[PDB]
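Written out below as structure tokens is the structure these notes cover.
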Amino acid sequence: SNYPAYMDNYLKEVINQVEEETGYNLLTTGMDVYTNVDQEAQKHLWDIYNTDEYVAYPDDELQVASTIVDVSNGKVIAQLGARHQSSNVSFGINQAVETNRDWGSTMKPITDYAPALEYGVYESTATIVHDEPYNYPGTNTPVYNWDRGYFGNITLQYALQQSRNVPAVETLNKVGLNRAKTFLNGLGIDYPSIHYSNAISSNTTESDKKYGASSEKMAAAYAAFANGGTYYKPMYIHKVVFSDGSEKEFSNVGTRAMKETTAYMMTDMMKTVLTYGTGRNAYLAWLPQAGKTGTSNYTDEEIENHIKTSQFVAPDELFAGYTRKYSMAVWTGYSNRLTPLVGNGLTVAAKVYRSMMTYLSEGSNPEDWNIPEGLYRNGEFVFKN
Amino acid sequence: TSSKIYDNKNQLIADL
Ligand SMILES: *C(=O)[C@@H](NC(=O)/C(=N\OC)c1csc(N)n1)[C@@H]1N=C(C(=O)O)C(=C)CS1
Ligand SMILES: [Cl-]
Ligand SMILES: [Cl-]
Ligand SMILES: [Zn+2]
Ligand SMILES: [Zn+2]
Ligand SMILES: [Zn+2]
Ligand SMILES: [Zn+2]
Ligand SMILES: [Zn+2]
């Protein structure tokens, strides 16, 4: 024995964060490290992943990777990048932190809508947007919705709820690429160069751990919504003790990335995603929470030469939700993007989220968010004073 | 070289 299997991923990042911070590799240098991982939470997550006691998987090769963050300090309390993957070699690639996969629509809240309300492009969640034939700015390439259809004049909250692409890209045009990119920096996310395609895709040209999105980064980002607009750099360690006796404490300093009002508005709209939208498989009548779903697609080449079914398919299915205490981003798909997620497999990400959040909150007495000063309700929407 | 690692409840979880 050396270390349990369920901590492989977590321990991998600890080694790295200590390395980045102090500059020493604890595998060749004696140190005592106190981490933020919630052992019991980890264990439970592992069972959700590797057992059939919580979620019905279509098979054992389907993958999952998620990260749970404490929205009050950015501490990563649980993380796991793969399931039923026992190719024992320690600290292999941890998918929870890799930004090689597309997070689709989970990018809409932080890349289009948050910035819009933040910068005054929209004054309320009732604002009327446009889901009509529309081409990517500066091109004749059309922006398609999954059903290749259009709802026309719908409200901001409804556009998000049903995850309509047109309104999202259009919104990104009104917000402006440069400040949309600056707004993501406030949430830890960045691209080499941002493009309109990023209004609904995290797909980027350069492949680094920094560019794009990963469960790790998405959770930290959404944590900002939950706590009122403050972004905390994800942390795996909070203290290390060198063999000499001197110690190092790591601070959870948070930076405001959006107004208190913007956060409440985004949150308000995102809970309707779980109630009447795409994220209905993660809904809990007793838990005040909000989230967003995402589905990536296959290229034409892929659909014709590699996809052998007429069933709705995708290489990636994602969910990123949060309660008032915890933020969790989930990723699902196969190591080989060419193996699609089908029917039952697509509900996996949401259900994995629901199971974990149940575990983390059913015991406590969860509180809701309170309408901050500067906004007022009016039936189903929220407006600025 | 040996490095002990603890969780958030400050209880040992690994030694490397
Ligand atoms: C957001 O996720 C959005 N997704 C897409 O438009 C994409 N494919 O649709 C098949 C997409 C985004 S990035 C990429 N390569 N392809 C909408 N999201 C959902 C959802 O489940 O949240 C939809 C159901 C409709 S499409
Ligand atoms: Cl109308
Ligand atoms: Cl020691
Ligand atoms: Zn359990
Ligand atoms: Zn197995
Ligand atoms: Zn328009
Ligand atoms: Zn461009
Ligand atoms: Zn401590």
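Residues in the structure tokens are named by chain (A, B, ... in the order shown) and by number from 1 within that chain; ligands are numbered from 1 in the order shown.
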Quick one: which chain A residues come within 7 Å of ligand 8, and what is the nearest atom pair for each with the distance in Å to one decimal, counting only C-alpha atoms and all ligand atoms, rows ordered by chain and ascending number, as CSV?
```
residue,atom,partner,partner_atom_place_in_ligand_line,distance
A:34,CA,ligand 8,1 (Zn),6.8
A:238,CA,ligand 8,1 (Zn),6.9
A:239,CA,ligand 8,1 (Zn),6.8
```
Chain A near ligand 5 within 10 Å: what's each residue's closest atom pair and its distance in Å to one decimal, counting only C-alpha atoms and all ligand atoms, ordered by chain then ascending residue number, as CSV?
```
residue,atom,partner,partner_atom_place_in_ligand_line,distance
A:50,CA,ligand 5,1 (Zn),7.0
A:51,CA,ligand 5,1 (Zn),8.7
A:59,CA,ligand 5,1 (Zn),9.9
A:60,CA,ligand 5,1 (Zn),6.5
A:61,CA,ligand 5,1 (Zn),8.6
A:83,CA,ligand 5,1 (Zn),7.8
A:84,CA,ligand 5,1 (Zn),4.2
A:85,CA,ligand 5,1 (Zn),6.9
A:86,CA,ligand 5,1 (Zn),7.4
```
Worksheet item: Which chains and residue numbers are within 8 Å of ligand 1, counting only C-alpha atoms and all ligand atoms, if I want them as a ChimeraX atom specification?
Response: /A:102-108,144-147,162-165,200-203,278-279,292-299,313-314,317-318
Item to complete: Name the residues, by chain letter and number, that sit within 9 Å of ligand 4 using only C-alpha atoms and all ligand atoms, and give them as a PyMOL selection string.
Response: chain A and resi 40-48+359
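Atom CA of residue A:300 lies 25.0 Å from atom CA of residue A:151.
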Fill in: Contacts of residue A:285 within 10 Å, only C-alpha atoms, excl. fewer than 4 positions in-chain, as a list in words
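Surrounding residues, per the criterion: residues 274, 275 and 289 of chain A.
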Practice prompt. Enumerate as a VMD selection string the residues within 12 Å of ligand 3, counting only C-alpha atoms and all ligand atoms.
Written response: (chain A and resid 29 to 33 240 to 245) or (chain B and resid 1 to 6 12 15 to 16)
Quick one: write out the picked residues with N, CA and C atoms as a PDB file, in the first residue's frame?
```
ATOM      1  N   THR A  29      11.358  15.247  -2.150  1.00  0.00           N
ATOM      2  CA  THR A  29      11.659  16.148  -1.044  1.00  0.00           C
ATOM      3  C   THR A  29      10.656  15.988   0.092  1.00  0.00           C
ATOM      4  N   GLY A  30      11.167  15.641   1.273  1.00  0.00           N
ATOM      5  CA  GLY A  30      10.328  15.443   2.441  1.00  0.00           C
ATOM      6  C   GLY A  30       9.520  16.645   2.889  1.00  0.00           C
ATOM      7  N   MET A  31       8.210  16.442   2.990  1.00  0.00           N
ATOM      8  CA  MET A  31       7.283  17.484   3.408  1.00  0.00           C
ATOM      9  C   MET A  31       5.983  16.887   3.931  1.00  0.00           C
ATOM     10  N   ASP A  32       5.306  17.653   4.776  1.00  0.00           N
ATOM     11  CA  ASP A  32       4.021  17.254   5.328  1.00  0.00           C
ATOM     12  C   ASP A  32       3.027  18.201   4.656  1.00  0.00           C
ATOM     13  N   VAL A  33       2.065  17.643   3.935  1.00  0.00           N
ATOM     14  CA  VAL A  33       1.104  18.472   3.227  1.00  0.00           C
ATOM     15  C   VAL A  33      -0.322  18.287   3.694  1.00  0.00           C
ATOM     16  N   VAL A 240       1.778  23.433   4.119  1.00  0.00           N
ATOM     17  CA  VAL A 240       2.839  22.446   3.983  1.00  0.00           C
ATOM     18  C   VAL A 240       3.853  22.692   5.092  1.00  0.00           C
ATOM     19  N   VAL A 241       4.439  21.615   5.598  1.00  0.00           N
ATOM     20  CA  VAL A 241       5.425  21.701   6.672  1.00  0.00           C
ATOM     21  C   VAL A 241       6.740  21.074   6.223  1.00  0.00           C
ATOM     22  N   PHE A 242       7.785  21.884   6.078  1.00  0.00           N
ATOM     23  CA  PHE A 242       9.069  21.345   5.642  1.00  0.00           C
ATOM     24  C   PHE A 242       9.748  20.588   6.775  1.00  0.00           C
ATOM     25  N   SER A 243      10.565  19.608   6.407  1.00  0.00           N
ATOM     26  CA  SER A 243      11.268  18.784   7.385  1.00  0.00           C
ATOM     27  C   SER A 243      12.051  19.594   8.421  1.00  0.00           C
ATOM     28  N   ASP A 244      12.233  20.892   8.180  1.00  0.00           N
ATOM     29  CA  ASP A 244      12.964  21.716   9.139  1.00  0.00           C
ATOM     30  C   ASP A 244      12.059  22.271  10.246  1.00  0.00           C
ATOM     31  N   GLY A 245      10.835  22.662   9.909  1.00  0.00           N
ATOM     32  CA  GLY A 245       9.944  23.175  10.935  1.00  0.00           C
ATOM     33  C   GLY A 245       9.181  24.410  10.516  1.00  0.00           C
TER      34      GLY A 245
ATOM     35  N   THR B   1      13.520   9.598   0.841  1.00  0.00           N
ATOM     36  CA  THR B   1      12.555  10.740   0.872  1.00  0.00           C
ATOM     37  C   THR B   1      11.123  10.293   1.141  1.00  0.00           C
ATOM     38  N   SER B   2      10.503  10.907   2.147  1.00  0.00           N
ATOM     39  CA  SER B   2       9.128  10.590   2.512  1.00  0.00           C
ATOM     40  C   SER B   2       8.318  11.844   2.835  1.00  0.00           C
ATOM     41  N   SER B   3       7.149  11.956   2.207  1.00  0.00           N
ATOM     42  CA  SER B   3       6.248  13.087   2.412  1.00  0.00           C
ATOM     43  C   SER B   3       4.861  12.593   2.790  1.00  0.00           C
ATOM     44  N   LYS B   4       4.413  12.982   3.973  1.00  0.00           N
ATOM     45  CA  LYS B   4       3.107  12.575   4.447  1.00  0.00           C
ATOM     46  C   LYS B   4       2.079  13.589   3.962  1.00  0.00           C
ATOM     47  N   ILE B   5       0.895  13.104   3.607  1.00  0.00           N
ATOM     48  CA  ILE B   5      -0.162  13.967   3.100  1.00  0.00           C
ATOM     49  C   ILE B   5      -1.477  13.745   3.841  1.00  0.00           C
ATOM     50  N   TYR B   6      -2.084  14.843   4.297  1.00  0.00           N
ATOM     51  CA  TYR B   6      -3.337  14.797   5.058  1.00  0.00           C
ATOM     52  C   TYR B   6      -4.511  15.450   4.342  1.00  0.00           C
ATOM     53  N   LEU B  12      -4.007  11.658   8.069  1.00  0.00           N
ATOM     54  CA  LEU B  12      -3.189  11.055   7.023  1.00  0.00           C
ATOM     55  C   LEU B  12      -3.976  10.313   5.958  1.00  0.00           C
ATOM     56  N   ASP B  15       1.447   8.631   1.913  1.00  0.00           N
ATOM     57  CA  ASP B  15       2.861   8.755   2.271  1.00  0.00           C
ATOM     58  C   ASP B  15       3.647   8.387   1.009  1.00  0.00           C
ATOM     59  N   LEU B  16       4.507   9.292   0.545  1.00  0.00           N
ATOM     60  CA  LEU B  16       5.264   9.063  -0.687  1.00  0.00           C
ATOM     61  C   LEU B  16       6.750   9.442  -0.680  1.00  0.00           C
TER      62      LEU B  16
END
```
Discussion item. Calculated over only C-alpha atoms, which of the candidates A:143, A:18, A:328, A:37 has the smallest distance to chain B?
Written reply: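 Of all the options, A:37 lies closest to chain B.
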Check which residues of chain A sit at most 8 Å from ligand 6 using only C-alpha atoms and all ligand atoms, and return one row each with the closest pair of atoms and their distance in Å to one decimal, ordered by chain and rising number, as a tab-separated table.
```
residue	atom	partner	partner_atom_place_in_ligand_line	distance
A:129	CA	ligand 6	1 (Zn)	6.5
A:130	CA	ligand 6	1 (Zn)	4.9
A:131	CA	ligand 6	1 (Zn)	7.7
A:132	CA	ligand 6	1 (Zn)	7.7
A:167	CA	ligand 6	1 (Zn)	7.5
A:170	CA	ligand 6	1 (Zn)	6.5
```
Quick one: write out the picked residues with C-alpha atoms as a compact mmCIF listing (two decimals), in the first residue's frame?
```
# COMPACT_ATOMS: atom_id res chain seq x y z
CA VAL A 129 -33.72 38.44 -27.41
CA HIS A 130 -33.82 37.16 -30.97
CA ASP A 131 -33.76 33.49 -31.96
CA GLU A 132 -34.03 34.09 -35.70
CA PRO A 167 -29.22 34.53 -29.03
CA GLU A 170 -25.67 37.51 -31.01
```
Worksheet item: Which residue out of A:177, A:159, A:270, A:187 has the minimum interatomic distance to ligand 7 when only C-alpha atoms and all ligand atoms are used?
Response: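 The shortest atom-to-atom distance to ligand 7 comes from A:177.
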Practice prompt. Name the residues, by chain letter and number, that sit within 9 Å of ligand 2 using only C-alpha atoms and all ligand atoms, and give them as a list in words.
Written response: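 Listing the residues within 9 Å of ligand 2 gives residues 152, 153 and 154 of chain A.
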Keeping only N, CA, C and O atoms, take the residues you just selected and write them out as a PDB file, in the first residue's frame.
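Full text of again.pdb as output:
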```
ATOM      1  N   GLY A 152     -37.953  32.669 -32.454  1.00  0.00           N
ATOM      2  CA  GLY A 152     -38.300  34.068 -32.633  1.00  0.00           C
ATOM      3  C   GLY A 152     -38.088  34.888 -31.370  1.00  0.00           C
ATOM      4  O   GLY A 152     -37.120  34.671 -30.645  1.00  0.00           O
ATOM      5  N   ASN A 153     -38.989  35.828 -31.094  1.00  0.00           N
ATOM      6  CA  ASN A 153     -38.861  36.671 -29.911  1.00  0.00           C
ATOM      7  C   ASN A 153     -39.145  35.923 -28.620  1.00  0.00           C
ATOM      8  O   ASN A 153     -40.291  35.585 -28.327  1.00  0.00           O
ATOM      9  N   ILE A 154     -38.096  35.669 -27.846  1.00  0.00           N
ATOM     10  CA  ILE A 154     -38.231  34.992 -26.563  1.00  0.00           C
ATOM     11  C   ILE A 154     -37.446  35.809 -25.547  1.00  0.00           C
ATOM     12  O   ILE A 154     -36.637  36.649 -25.927  1.00  0.00           O
TER      13      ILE A 154
END
```
Worksheet entry | Selection near residue A:283, 12 Å with only C-alpha atoms, sequence-local residues under 3 positions removed, as a PyMOL selection string | chain A and resi 270-280+286-292+319+321-323+350-355+357-358
Practice prompt. Would you please give, as a list in words, all residues of stretch 154-206 of chain A that DSSP assigns to alpha helix (DSSP H) based on the backbone?
Written response: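 In stretch 154-206 of chain A, DSSP puts these residues in alpha helix (DSSP H): residues 156, 157, 158, 159, 160, 161, 165, 166, 167, 168, 169, 170, 171, 172, 173, 174, 175, 177, 178, 179, 180, 181, 182, 183, 184 and 185 of chain A.
Each of A:370, A:385, A:178, A:344 was compared to ligand 7 using only C-alpha atoms and all ligand atoms, and A:178 turns out to be the nearest.
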Worksheet entry | Selection as a ChimeraX atom specification: residues within 9 Å of ligand 7 by only C-alpha atoms and all ligand atoms | /A:193-197
Selected residues written out, N, CA, C and O atoms, as a PDB file, in the first residue's frame:
```pdb
ATOM      1  N   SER A 193      -6.810  33.592 -28.649  1.00  0.00           N
ATOM      2  CA  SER A 193      -7.561  34.634 -29.337  1.00  0.00           C
ATOM      3  C   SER A 193      -9.004  34.158 -29.245  1.00  0.00           C
ATOM      4  O   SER A 193      -9.291  32.996 -29.523  1.00  0.00           O
ATOM      5  N   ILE A 194      -9.913  35.034 -28.837  1.00  0.00           N
ATOM      6  CA  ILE A 194     -11.313  34.645 -28.716  1.00  0.00           C
ATOM      7  C   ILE A 194     -12.051  34.902 -30.028  1.00  0.00           C
ATOM      8  O   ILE A 194     -11.790  35.889 -30.717  1.00  0.00           O
ATOM      9  N   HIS A 195     -12.975  34.009 -30.365  1.00  0.00           N
ATOM     10  CA  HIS A 195     -13.749  34.097 -31.607  1.00  0.00           C
ATOM     11  C   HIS A 195     -15.228  33.872 -31.293  1.00  0.00           C
ATOM     12  O   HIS A 195     -15.558  33.273 -30.256  1.00  0.00           O
ATOM     13  N   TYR A 196     -16.115  34.344 -32.171  1.00  0.00           N
ATOM     14  CA  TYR A 196     -17.546  34.202 -31.925  1.00  0.00           C
ATOM     15  C   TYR A 196     -17.965  32.767 -31.662  1.00  0.00           C
ATOM     16  O   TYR A 196     -18.902  32.513 -30.902  1.00  0.00           O
ATOM     17  N   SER A 197     -17.259  31.824 -32.272  1.00  0.00           N
ATOM     18  CA  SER A 197     -17.567  30.418 -32.082  1.00  0.00           C
ATOM     19  C   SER A 197     -17.556  30.074 -30.592  1.00  0.00           C
ATOM     20  O   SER A 197     -18.302  29.192 -30.150  1.00  0.00           O
TER      21      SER A 197
END
```
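Nearest residue to chain B, choosing from A:365, A:16, A:36, A:100 and counting only C-alpha atoms: A:36.
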Discussion item. Nearest residue to chain B out of A:224, A:58, A:237, A:19, using only C-alpha atoms?
Written reply: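 Closest candidate: A:237.
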